[PDB]
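Below is one structure, written out as structure tokens; the observations come after it.
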Amino acid sequence: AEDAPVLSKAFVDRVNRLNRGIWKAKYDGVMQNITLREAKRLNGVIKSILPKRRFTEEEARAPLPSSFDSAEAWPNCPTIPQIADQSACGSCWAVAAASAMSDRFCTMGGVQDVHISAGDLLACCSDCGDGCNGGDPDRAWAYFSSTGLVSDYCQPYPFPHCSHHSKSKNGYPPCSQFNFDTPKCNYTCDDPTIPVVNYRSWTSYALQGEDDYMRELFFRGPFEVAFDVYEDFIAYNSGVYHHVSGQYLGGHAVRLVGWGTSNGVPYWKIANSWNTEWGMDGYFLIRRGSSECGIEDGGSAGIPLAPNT
Ligand SMILES: *[C@@H]1O[C@H](CO)[C@@H](O[C@@H]2O[C@H](CO)[C@@H](O[C@@H]3O[C@H](CO)[C@@H](O)[C@H](O)[C@@H]3O)[C@H](O)[C@H]2NC(C)=O)[C@H](O)[C@H]1NC(C)=O
Ligand SMILES: *[C@@H]1O[C@H](CO)[C@@H](O[C@@H]2O[C@H](CO)[C@@H](O)[C@H](O)[C@H]2NC(C)=O)[C@H](O)[C@H]1NC(C)=O
């Protein structure tokens with residue numbers, strides 16, 4: 001809506017009084033100068049058709065640890081620690097997917113280092129949404145089993161690393177000066193002399209509640225989730241997030257990768273779609289069990305299909 005910057009010095013102070021110190025907020029962080037309208041732009045979740053995940057007896061009964069990190073469970077996969085950046089778009093719905101989809105061709109797909117093309121997804125799946133104006137994860141994963149996608153090497157993500165800092169700590173260009181539209185849907189690699197390879201999943205499903213999450217994450221690896229972004233989330237720096245003050249900004253899609261506790265506080269470790277500069281090095285930690293901002297209300301995942309025989 002407005003061009004009014006979202007972060008106040010007073011706003012933040014308030015927030016830091018109400019969180020009890022549980023999680024640090026920052027007013028002069030990487031996000032102070034950010035526009036109200038620029039913020040809602042990053043929240044790409046708009047609008048289950050997916051079968052709910054049924055756990056086998058064997059899975060259902062397994063004693064899940066108090067702490068679990070996906071990058072540790074599968075040390076041999078480089079796609080897990082890698083943080084994504086959706087630039088200046090509502091790509092989160094798509095980015096968050098390809099991310100988990102890349103991660104899952106490992107944990108399950110038998111291919112180690114394959115970055116699924118979030119751009120390809122973002123531009124060709126039409127029932128998913130309006131592209132860079134909002135999307136629906138459930139369908140993202142459906143199109144992965146339905147149509148299938150291409151590697152990042154074939155069809156790279158078209159928007160550059162964008163920073164919300166006048167002077168970036170990694171020297172990216174500022175976000176303020178970007179306004180991206182849904183790219184064109186292409187059917188050959190951006191370099192036509194690169195053969196087009198198609199990666200589909202052979203099934204997709206949906207997750208709900210605290211336990212489905214851990215249990216599915218444990219066996220199959222990171223997947224896609226969404227939650228409500230309030231103004232306080234923007235000023236997130238560290239510690240375990242939970243909503244205390246702020247206007248609604250929209251549903252935002254992220255990638256789940258772990259869980260633990262911090263001083264008696266159960267949390268989810270989540271990989272974000274905004275830089276390595278934001279939060280805990282692109283990461284952030286929300287509150288497990290509350291279902292904070294609805295983060296446990298709906299998940300999305302699938303099993304990738306190993307290429308060839
Ligand atoms: C599908 O392939 C086409 C191949 O060009 C891609 O469209 C092009 O995307 C590039 C990179 O985002 C755009 O570059 C921009 O060009 C303008 C000049 O018009 C400039 O202002 C920017 O600084 C930037 O260099 C380009 O405009 C755009 N061209 C067309 C015809 O759409 C598209 O991104 C590919 N889509 C996917 C999903 O891979
Ligand atoms: C937000 O904007 C402020 C000021 O509008 C920026 O602070 C200035 O940074 C410039 C370099 O870009 C310095 O020369 C000045 O020392 C600062 N001036 C003032 C008045 O603060 C700041 O870079 C921006 N903040 C972030 C986090 O990007």
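Here, A, B, ... name the chains of the structure tokens in the order displayed, residue numbers run from 1 inside each chain, and ligands are numbered from 1 in the same displayed order.
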
Surroundings of ligand 2 up to 6 Å, based on only C-alpha atoms and all ligand atoms, as a PyMOL selection string: chain A and resi 28-33+165-167

Neighbour list for residue 92 (chain A) as a ChimeraX atom specification, cut-off 10 Å, only C-alpha atoms, skip fewer than 2 positions in-chain: /A:42-45,84-87,89-90,94-98,118,122,132,134-137,224,226,251-255,272-274

Closest atom pairs, residues of chain A within 9 Å of ligand 1, only C-alpha atoms and all ligand atoms, as a tab-separated table:
residue	atom	partner	partner_atom_place_in_ligand_line	distance
A:117	CA	ligand 1	38 (C)	8.1
A:118	CA	ligand 1	38 (C)	8.0
A:119	CA	ligand 1	38 (C)	4.4
A:120	CA	ligand 1	38 (C)	4.4
A:121	CA	ligand 1	38 (C)	7.4
A:122	CA	ligand 1	38 (C)	6.8
A:123	CA	ligand 1	38 (C)	5.2
A:124	CA	ligand 1	38 (C)	7.5
A:154	CA	ligand 1	39 (O)	8.5
A:155	CA	ligand 1	39 (O)	4.9
A:156	CA	ligand 1	39 (O)	6.0
A:157	CA	ligand 1	39 (O)	6.6
A:158	CA	ligand 1	12 (O)	4.1
A:159	CA	ligand 1	12 (O)	5.6
A:160	CA	ligand 1	12 (O)	8.2
A:180	CA	ligand 1	12 (O)	8.4
A:182	CA	ligand 1	38 (C)	8.0
A:183	CA	ligand 1	34 (O)	4.7
A:184	CA	ligand 1	36 (N)	4.4
A:185	CA	ligand 1	38 (C)	5.1
A:186	CA	ligand 1	1 (C)	4.8
A:187	CA	ligand 1	1 (C)	8.3
A:188	CA	ligand 1	1 (C)	8.6
A:189	CA	ligand 1	39 (O)	7.7
A:190	CA	ligand 1	2 (O)	5.8

Write the residues you've just listed into a file as a PDB file, in the first residue's frame, and include C-alpha atoms for each of them.
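Written file, selection20.pdb:
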ATOM      1  CA  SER A 117      14.635 -23.981 -11.925  1.00  0.00           C
ATOM      2  CA  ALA A 118      12.328 -21.821  -9.807  1.00  0.00           C
ATOM      3  CA  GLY A 119      12.163 -19.470 -12.770  1.00  0.00           C
ATOM      4  CA  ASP A 120      10.774 -22.190 -15.047  1.00  0.00           C
ATOM      5  CA  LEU A 121       8.159 -22.997 -12.404  1.00  0.00           C
ATOM      6  CA  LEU A 122       7.455 -19.312 -11.860  1.00  0.00           C
ATOM      7  CA  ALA A 123       6.699 -18.648 -15.542  1.00  0.00           C
ATOM      8  CA  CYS A 124       5.002 -21.778 -16.945  1.00  0.00           C
ATOM      9  CA  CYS A 154      19.253 -25.045 -18.162  1.00  0.00           C
ATOM     10  CA  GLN A 155      17.000 -22.127 -17.228  1.00  0.00           C
ATOM     11  CA  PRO A 156      18.648 -19.802 -14.568  1.00  0.00           C
ATOM     12  CA  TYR A 157      16.715 -17.615 -12.152  1.00  0.00           C
ATOM     13  CA  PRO A 158      16.290 -14.373 -14.120  1.00  0.00           C
ATOM     14  CA  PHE A 159      16.527 -11.784 -11.313  1.00  0.00           C
ATOM     15  CA  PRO A 160      19.833 -10.724  -9.696  1.00  0.00           C
ATOM     16  CA  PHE A 180      10.263  -7.490 -11.665  1.00  0.00           C
ATOM     17  CA  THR A 182       6.675 -12.736 -14.337  1.00  0.00           C
ATOM     18  CA  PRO A 183       9.334 -13.875 -16.859  1.00  0.00           C
ATOM     19  CA  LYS A 184       8.506 -15.471 -20.189  1.00  0.00           C
ATOM     20  CA  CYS A 185       7.868 -19.175 -20.285  1.00  0.00           C
ATOM     21  CA  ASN A 186      10.644 -20.828 -22.330  1.00  0.00           C
ATOM     22  CA  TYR A 187      10.843 -24.383 -23.661  1.00  0.00           C
ATOM     23  CA  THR A 188      14.590 -24.562 -24.431  1.00  0.00           C
ATOM     24  CA  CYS A 189      17.524 -23.800 -22.144  1.00  0.00           C
ATOM     25  CA  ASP A 190      18.379 -20.103 -22.133  1.00  0.00           C
TER      26      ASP A 190
END

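Using only C-alpha atoms, the protein and nucleic acid residues lying no more than 7 Å from region 277-287 of chain A, apart from those fewer than 4 places from it along its own chain, are residues 30, 83, 236, 237, 238, 239, 240, 241, 242, 266, 267, 268, 269, 270, 271, 272 and 292 of chain A.
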
Could the residues in this selection be written to a file with N, CA and C atoms, as an mmCIF file, in the first residue's frame?
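And here is the file that came out, selection_5.cif:
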data_model
loop_
_atom_site.group_PDB
_atom_site.id
_atom_site.type_symbol
_atom_site.label_atom_id
_atom_site.label_comp_id
_atom_site.auth_asym_id
_atom_site.auth_seq_id
_atom_site.Cartn_x
_atom_site.Cartn_y
_atom_site.Cartn_z
ATOM 1 N N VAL A 30 19.226 -4.645 8.212
ATOM 2 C CA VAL A 30 19.330 -4.669 6.752
ATOM 3 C C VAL A 30 18.013 -4.238 6.125
ATOM 4 N N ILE A 83 21.478 -20.915 0.738
ATOM 5 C CA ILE A 83 20.376 -19.964 0.927
ATOM 6 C C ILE A 83 19.977 -19.311 -0.394
ATOM 7 N N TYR A 236 13.590 -8.933 12.079
ATOM 8 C CA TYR A 236 14.099 -10.132 12.739
ATOM 9 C C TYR A 236 15.591 -10.214 12.536
ATOM 10 N N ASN A 237 16.300 -10.479 13.624
ATOM 11 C CA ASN A 237 17.742 -10.539 13.600
ATOM 12 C C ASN A 237 18.246 -11.892 14.031
ATOM 13 N N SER A 238 17.695 -12.378 15.139
ATOM 14 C CA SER A 238 18.175 -13.591 15.773
ATOM 15 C C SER A 238 17.240 -14.004 16.878
ATOM 16 N N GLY A 239 17.516 -15.164 17.477
ATOM 17 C CA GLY A 239 16.657 -15.729 18.504
ATOM 18 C C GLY A 239 15.424 -16.372 17.896
ATOM 19 N N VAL A 240 14.491 -16.778 18.745
ATOM 20 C CA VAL A 240 13.315 -17.514 18.276
ATOM 21 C C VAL A 240 12.110 -16.595 18.092
ATOM 22 N N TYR A 241 11.677 -16.459 16.848
ATOM 23 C CA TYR A 241 10.623 -15.534 16.511
ATOM 24 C C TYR A 241 9.268 -16.009 16.968
ATOM 25 N N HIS A 242 8.449 -15.051 17.381
ATOM 26 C CA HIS A 242 7.024 -15.255 17.570
ATOM 27 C C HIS A 242 6.338 -13.873 17.607
ATOM 28 N N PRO A 266 11.046 -24.593 22.118
ATOM 29 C CA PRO A 266 11.032 -25.336 20.884
ATOM 30 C C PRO A 266 10.898 -24.418 19.675
ATOM 31 N N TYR A 267 11.716 -24.694 18.652
ATOM 32 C CA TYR A 267 11.764 -23.899 17.433
ATOM 33 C C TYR A 267 11.886 -24.715 16.122
ATOM 34 N N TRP A 268 11.609 -24.050 15.006
ATOM 35 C CA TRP A 268 11.924 -24.571 13.673
ATOM 36 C C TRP A 268 13.039 -23.719 13.117
ATOM 37 N N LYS A 269 14.055 -24.362 12.555
ATOM 38 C CA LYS A 269 15.080 -23.663 11.793
ATOM 39 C C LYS A 269 14.573 -23.596 10.359
ATOM 40 N N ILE A 270 14.506 -22.402 9.782
ATOM 41 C CA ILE A 270 13.952 -22.235 8.452
ATOM 42 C C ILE A 270 14.872 -21.459 7.543
ATOM 43 N N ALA A 271 15.013 -21.933 6.322
ATOM 44 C CA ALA A 271 15.824 -21.254 5.348
ATOM 45 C C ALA A 271 14.974 -20.277 4.553
ATOM 46 N N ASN A 272 15.364 -19.010 4.562
ATOM 47 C CA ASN A 272 14.584 -17.962 3.917
ATOM 48 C C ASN A 272 15.030 -17.660 2.487
ATOM 49 N N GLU A 292 2.897 -20.821 15.231
ATOM 50 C CA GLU A 292 3.021 -19.379 15.126
ATOM 51 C C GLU A 292 2.684 -18.929 13.730
#

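The list of residues with at least one atom within 7 Å of residue 198 (chain A), based on only C-alpha atoms and without residues fewer than 3 positions apart in the same chain, reads residues 148, 149 and 150 of chain A.
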
Just write the chosen residues, N, CA and C atoms, as a tab-separated table (two decimals), in the first residue's frame.
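Printed below is part.tsv as written:
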chain	number	residue	atom	x	y	z
A	148	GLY	N	6.63	-31.38	-14.60
A	148	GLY	CA	8.07	-31.56	-14.31
A	148	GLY	C	8.79	-30.28	-14.62
A	149	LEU	N	10.00	-30.13	-14.09
A	149	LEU	CA	10.78	-28.87	-14.23
A	149	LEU	C	12.17	-29.07	-14.85
A	150	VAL	N	12.93	-27.99	-14.97
A	150	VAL	CA	14.27	-28.03	-15.51
A	150	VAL	C	15.28	-27.54	-14.50

Shell of 9 Å around residue 298 (chain A), only C-alpha atoms, local chain residues under 4 positions omitted, as a PyMOL selection string: chain A and resi 48+206-209+224-227+294
